[PDB]
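# Close look at the chain arrangement
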Amino acid sequence: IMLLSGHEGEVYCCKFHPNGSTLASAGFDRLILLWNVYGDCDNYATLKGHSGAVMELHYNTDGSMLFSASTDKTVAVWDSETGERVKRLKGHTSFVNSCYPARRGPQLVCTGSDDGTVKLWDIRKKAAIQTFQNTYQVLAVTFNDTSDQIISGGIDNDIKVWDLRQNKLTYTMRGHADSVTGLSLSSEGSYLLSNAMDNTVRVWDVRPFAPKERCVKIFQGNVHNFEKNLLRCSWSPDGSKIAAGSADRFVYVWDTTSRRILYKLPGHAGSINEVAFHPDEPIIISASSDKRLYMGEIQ
Amino acid sequence: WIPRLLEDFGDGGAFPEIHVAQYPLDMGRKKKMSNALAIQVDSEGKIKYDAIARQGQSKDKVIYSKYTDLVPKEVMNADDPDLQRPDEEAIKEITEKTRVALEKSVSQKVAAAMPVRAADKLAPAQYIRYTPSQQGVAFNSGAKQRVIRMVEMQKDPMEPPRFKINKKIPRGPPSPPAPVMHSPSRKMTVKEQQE
Amino acid sequence: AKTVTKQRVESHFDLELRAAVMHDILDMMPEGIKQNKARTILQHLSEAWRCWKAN
Amino acid sequence: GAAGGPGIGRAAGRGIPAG
Amino acid sequence: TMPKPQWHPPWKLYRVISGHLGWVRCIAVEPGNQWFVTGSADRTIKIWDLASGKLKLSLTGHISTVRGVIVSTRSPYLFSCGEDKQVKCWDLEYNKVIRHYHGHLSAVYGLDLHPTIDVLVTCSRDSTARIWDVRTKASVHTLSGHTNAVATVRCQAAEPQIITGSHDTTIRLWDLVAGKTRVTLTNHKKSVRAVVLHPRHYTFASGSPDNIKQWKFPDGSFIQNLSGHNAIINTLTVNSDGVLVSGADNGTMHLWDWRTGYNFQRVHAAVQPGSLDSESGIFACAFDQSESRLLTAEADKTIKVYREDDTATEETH
Amino acid sequence: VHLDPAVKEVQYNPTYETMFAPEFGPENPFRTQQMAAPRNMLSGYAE
Amino acid sequence: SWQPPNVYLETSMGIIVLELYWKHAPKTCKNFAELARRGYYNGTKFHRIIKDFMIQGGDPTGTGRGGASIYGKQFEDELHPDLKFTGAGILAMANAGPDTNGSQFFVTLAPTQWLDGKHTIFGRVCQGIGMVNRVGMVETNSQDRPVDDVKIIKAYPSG
Amino acid sequence: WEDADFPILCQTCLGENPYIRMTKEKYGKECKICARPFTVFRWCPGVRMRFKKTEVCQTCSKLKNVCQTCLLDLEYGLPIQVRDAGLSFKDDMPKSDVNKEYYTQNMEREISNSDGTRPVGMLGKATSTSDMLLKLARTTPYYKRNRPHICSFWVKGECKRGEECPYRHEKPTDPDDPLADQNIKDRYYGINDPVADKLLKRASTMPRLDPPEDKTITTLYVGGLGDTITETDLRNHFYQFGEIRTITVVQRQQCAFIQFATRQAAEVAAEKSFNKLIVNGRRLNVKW
Amino acid sequence: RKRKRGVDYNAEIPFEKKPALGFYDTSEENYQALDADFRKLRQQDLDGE
Amino acid sequence: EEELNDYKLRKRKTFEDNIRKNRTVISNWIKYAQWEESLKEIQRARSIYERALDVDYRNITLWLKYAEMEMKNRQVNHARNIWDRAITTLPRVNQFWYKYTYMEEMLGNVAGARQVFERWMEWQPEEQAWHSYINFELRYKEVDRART
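Residues numbered from 1 in each chain as written, not as in the entry; some residues may be left out. Chains lettered and ligands numbered in written order. Part of a larger assembly, values for the part shown. Heavy atoms only, no water. Residues with missing side-chain atoms left out of burial classes, pairs and counts.

- Looking at the PDB entry, one finds chain H named Pre-mRNA-splicing factor RBM22 and attributed to Homo sapiens.
- Of chain H, the UniProt comment under Subunit (literature references left out) reads exactly: "Component of the pre-catalytic and catalytic spliceosome complexes. Component of the postcatalytic spliceosome P complex. Interacts with PDCD6; the interaction induces translocation of PDCD6 in the cytoplasm. Interacts with PPIL1."
- In its Sequence similarities section, the UniProt record describing chain H reads: "Belongs to the SLT11 family." (UniProt positions renumbered as here; feature names shortened; annotations may be inferred.)

- You'll find chain E entered in the PDB entry as Pleiotropic regulator 1, with Homo sapiens given as the organism.
- In its Sequence similarities section, UniProt records this for chain E: "Belongs to the WD repeat PRL1/PRL2 family."

Shown next as structure tokens:
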């Protein structure tokens, strides 16, 4: 078990690097702190370029590029080796809640904001290529696996899937009762994990050939409290386990097959915003509003 | 058959199939307010009379009261691994524990030396979550828990010491007396007593 | 804890002498002795000192 | 590159709360 | 004889140093083995050269008897305590008292430095032991709970960190963090004046006029009763080779094997010429860092220095 | 199952089943409302 | 599926012998005898001792959360209309709820009335009842844990 | 000096709103009993109320087992005098100041060396529950306790500051009422507490077991059984009391007559068999 | 009265260190109060001859 | 009652002042306790002895005076607790063992007396102690036990 203090404020997001050897953490302090996973878990960055809260972190699939969506209306792209802010996408009129970069090349990025716009990008160009206008605020976006689709969840409860080729809404999924704070797509690309404020975590069949009712599995046991934070969700790399942020200070991991809890680990003092799995070894980190990151082995 | 006397029990034990209230060896009867501490007996040893000796002591306090503690234990070999001095790395560890404990107490002493060099600075406004024990539907207006904001109030730099400190008080009695583990009083003689 | 500055010196030393002798007479006696006559031994010391000054 | 920051890692236990 | 003792060479006097004008109450060896302090009832502290025996330097500042002297192993300091109620730090770079630690109500009989946390602990006749921070000169704890004069204190890094014997015949093992007694050992009939910790084996010995007893840390378990030296013993010191030295107020000095308790030699040294036959007495004895010289501080105002008989063994049994 | 109820500062990561499963046995009647609630200090649990 | 006589406990304090009713709860009795036979209690202790109430005993984890069975972690209850929690020295199967019984028994020290609502009796103590009271006089704490070890050494499904 | 991080407070003092702002002042005032300085916590219990503060230190609070402000008991909310007298308990704590100081250090020594988070030394003398206390104890808050003080200028008849006035504009309690003359000390020690006396007299008038003077009848009557209770249910409950052999039921009355081997068992039986007696959701009336 | 010390020894047992208590119950047994007899007792009788 | 309380106050103050000045003089405590004993104020006398033990628990004569006072007033269980504490703290004080057995012997508790004797023999006391135990059986003709 390892404890990683040193954020002055709430930790909203944390991600392992795809090679497993290094870790990124960021939150309300606006700084992005890069940690070694092994050894003394020492720090060796301060990334300083933002002016507002860092809402989400994502690496690209090779790990050279770190993407940070911020409430400052900008998306920063960092070089992981040098720590230089490579680019500033500044196209959004309101807070940027989320981002996610494409699995396959080229280096596309998509974004969701409280202005109700879902904007696609290309890192080569300074402007948005395409904007889908949602009627209400968007809290989390991810691509699909094929990099052709944006999936967005918002405060309008429904899950909306766009197609970049037709520029049109293509299918919608209904069942969640409240704001979709978090979306995450499995490494195989078949399934999506969703967290919503209705105290349910669900798995949906994202594949083209799903049944008409796409909700395959329902998980329970997390809590959303009065702080209404954007509690995120993540998959294990093998797809056997799922984790969800919960505001009741307990760190939840479910077995996807048996639908049981497997770990419900105490020790945080605040709302847990994101939980992430290490890619190779069974190490789990959980980021909480108590200004601490907890890292520990599971079996 | 219904047991009525103490004799009927014989070997003892109550009979659950017989619907009459049974009290073998007067157990289960409502006892009077007896101030006697329990005559407690160890695992397979003698009756723990040491329970009087550890009246005000704790349970982890190590006190000697058995004659077996006076008998010399033969060690024979000096280089027995049980007598090896415990550690080196733990000594660095224990020192670290000890120094944090002492330097903090040092600092509280040292804080007296310069009282007015500056105002203290204080804003650790912390939240604590509280479960009131005496739960009820009405008491909290509904909730099981209540959440409380703590703020340390700003001490006026110019206010003098409010209270009398010098007032001496009668000192409390010590810790409970240790048993005296001496050898038997060796016979004094009249002839030496006179010289 | 008021100090042995200057005027206190001789009265202090004569306390420490007699306090030391008290320890020795407790230890030197056999353990069955009548637990008294400590004060009697001290008065012999005070007499031996006076005889030494007077030669 | 970007400077080494204030964070330190250390070994810790968790400790379950009552209830 | 059930155990077989390791043979140890007998010791012999070779150097009677002289030059104090009162009882030499303390002795301590410098960590680099160049010199050694004594303190005396002539109210002085004399730096003596350990090799040549030349008097290096005489120090002056006390008002009465010097009872304990110790050389700091980490810092260039020379802490000394007396019946003055005064405990002083002599900065040897200047030979001047820089900090003196008031606070005791009465005479200070002995002092010891904790080896790793730079902290001074002192015994007093007022039934208390105080713990001093060197740097800040502040009273950390006041260890109270003895009923009579506290005679000897020793410090170690491992728990129990402070051991005190006293004149009430009890020995208290203290928790340095709490400041409260852990074990009260009452097995002596008469005043514990000396306690010594063995350097390698996690065991300690305590001396009182009835018998010397070897005890096992941390809980103070009784191990062995070492009988035979029946005088008021003042100091105990142990060599890492398992040589135990018991020096008494009647000047008898016995050499003992730590493992077996075998009395292999009794040494009754002779008095300085003008002195008086009852004045013979030992108040302090200490091994040097080499562990091959024995420096004993005597009551006839002398320092006797002993070394080992290099000859092959006849004496063994 | 394998985890004590009288426990603090657990050094490893216990599974859900090995930490949240019931304490067995009947409750005693000799404990009032204040005594049975999981208090850390005289009136309640402060965290 | 054989029916041994009286079960010998051999505690740290002494011997206690339990009688078991094959008439009324044979399944618990087979379970209790088998665990005594294989040696499942050899080293388990009386972890929860409440004064003038009961002595919960028998767990290889020593927690009061552990135990399994010969059927596996659970089996049904045998709430018989004859056996009533009446006086000291009744032997009974400790519960965690409806139809969930592991390998924890408890010997009772006083008449209790709310107990037989939700617990299965199968047994009563019959040899050296005073030794139970000596176990009853064992030092407790806030969680009613003994300071020393009051453990069962061996157990025999004799006869 | 007592330095604590959280005040021991009952729910009625603590307030109706579960989000509380309070200020922590180290050594702000002396304890109203033991005169030792303590950490003062001060908070607004609700929309309109006194903005309360802790009056006694936790040490004094632990010994009695009372809230630091109202000094009503953490288990029941009754006053100290009622709780101890109901258990026939008495406090040996000295009344004179010098001896109280001596006692204070002793308890300081005890709490520092023991676990100290516990009443159990003083509670251990009388752990038993009593039907008297459970009947009297408040099931619900008494927020009216919290209401603002009376405006003294308004009682004088020239209330300047007008309708802004946060203090109450209503008649004070008449000075001839014995309930006005209360003292914190007298409430703490539990001597001549008028609020206690009012409770105890009232509680004494509650109904009780009068019939036992019929010293050779041993049959109990129970009424209100309905048709929805069996013999076996009744027989089980009576069996906990003692030895029995008669059961007879009169269906027109819906009453049973049940006879004990001794009157003593029957009288012991009757102790429970009052308004506490409920079977199958029916509450039953007991007679001889 | 203008004193900080004195009259306290008349109100109660001044420094009531309780007897230690164990293995025999002795909350039960208690003692006969002092026979007053204030028609023969004298100041010399309390101190004794 | 006022003159009685003033006599009590004057005497107690003189005892407490003497005790404050001469704490190690144990004979002052005995005089105060015996004066309360003369007044039959046993509850005050009890507290004086216990406080006196806190200053010098090793004083043999202090334990005796405390135990004697309880025996006289028929408070047998209080005296038992005093003896039982005494043998645990001061096992070598032979006099306590003899006196304790002597209580049980006068009470005819021949069984209870043995328990005190048996617990004494655990410490391996001096020869004369054994002979007292031997003679105990010999007084009651238990030849075969005396042998053992």
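That was the structure; now back to the text.
### Quick look at the overall build of chain H
- Counting secondary structure elements, chain H contains eleven helices and nine strands.
- Taking 19 Å as the expected radius of gyration for a compact globule of 288 residues, we find that chain H reaches 26 Å, considerably beyond that expectation.
- In chain H, which comprises 288 residues, the proportion classed as buried is 39%.
- For chain H, restricting intrachain contacts to residue pairs at least 6 apart in sequence, the fraction spanning at least 24 positions comes to 57%.
- Accessible area for chain H stands at about 17400 Å²; split by element, carbon and sulfur atoms hold 48% of it. (Helix = DSSP H or I, 4+ residues; strand = E, 2+ residues; numbered from the N terminus. Rg over C-alpha atoms; globule rule 2.2 N^0.38 Å. Buried < 20%, exposed > 50% of the residue type's maximum accessible area, 1.4 Å probe, protein only. Contact = heavy atoms within 4.5 Å. Areas by Shrake-Rupley, 256 points an atom, 1.4 Å probe, with all protein chains shown as cover.)

### Points about unusual backbone geometry
- The omega angle of the peptide bond from E:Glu159 to E:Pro160 is -5 degrees, so this bond is cis rather than trans.
- Along the chain, E:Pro160 falls in the loop between β14 (150-155) and β15 (162-166).
- With an omega of 0 degrees, the peptide bond between E:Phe217 and E:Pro218 qualifies as cis.
- Note on placement: E:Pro218 falls in the loop between β20 (212-216) and β21 (221-226).
- Even without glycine at this site, B:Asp26 takes up a positive phi of about 60 degrees.

### Topic: the sheet that holds strand β3 (residues 22-26) of chain A
Residue and element names in this part refer to chain A.
- The strand order across the open sheet built from three strands is β2-β3-β4, with neighbouring strands paired in antiparallel fashion. Every other strand in the sheet has two partners, leaving β2 (13-16) and β4 (32-36) as the edge strands with one partner each. Shown here is a sheet whose adjacent strand axes are inclined to one another by a mean of 20 degrees, direction ignored.
- Inspection of the sheet shows β3 paired to β4 by five bridges, in the antiparallel sense. Residue pairing across strands places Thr-22 opposite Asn-36, the latter belonging to β4. (Pairing = 2+ DSSP bridges. Axes fitted to C-alpha atoms, helices over the stretch in contact; angles between N-to-C directions.)

### Things to note about the interface of chain G and chain F
- Chain G puts 25 residues into the contact, and the matching count from chain F is 19 residues.
- Counting residues per element, the ones that place at least two in the side of chain G that touches chain F are β3 (48-50), β5 (90-95) and β6 (101-108) of chain G.
- Among the elements that take part in the side of chain G that touches chain F, β6(G) stands out by supplying three residues, more than any other.
- Class assignment for the residues of the side of chain G that touches chain F results in six nonpolar, twelve polar and seven charged. (Nonpolar A, V, L, I, M, F, W, Y, C, P; charged D, E, K, R; others polar.)

### A look at the arrangement of the chains
- Out of 19 pairs of chains that touch, the pair holding the most contacts is chains F and G.
- Across all C-alpha pairs, the smallest distance from chain D to chain E is 22 Å, and the two are not in contact.
- The two units chain E and chain J are non-contacting; their minimal C-alpha-C-alpha distance is 9 Å.

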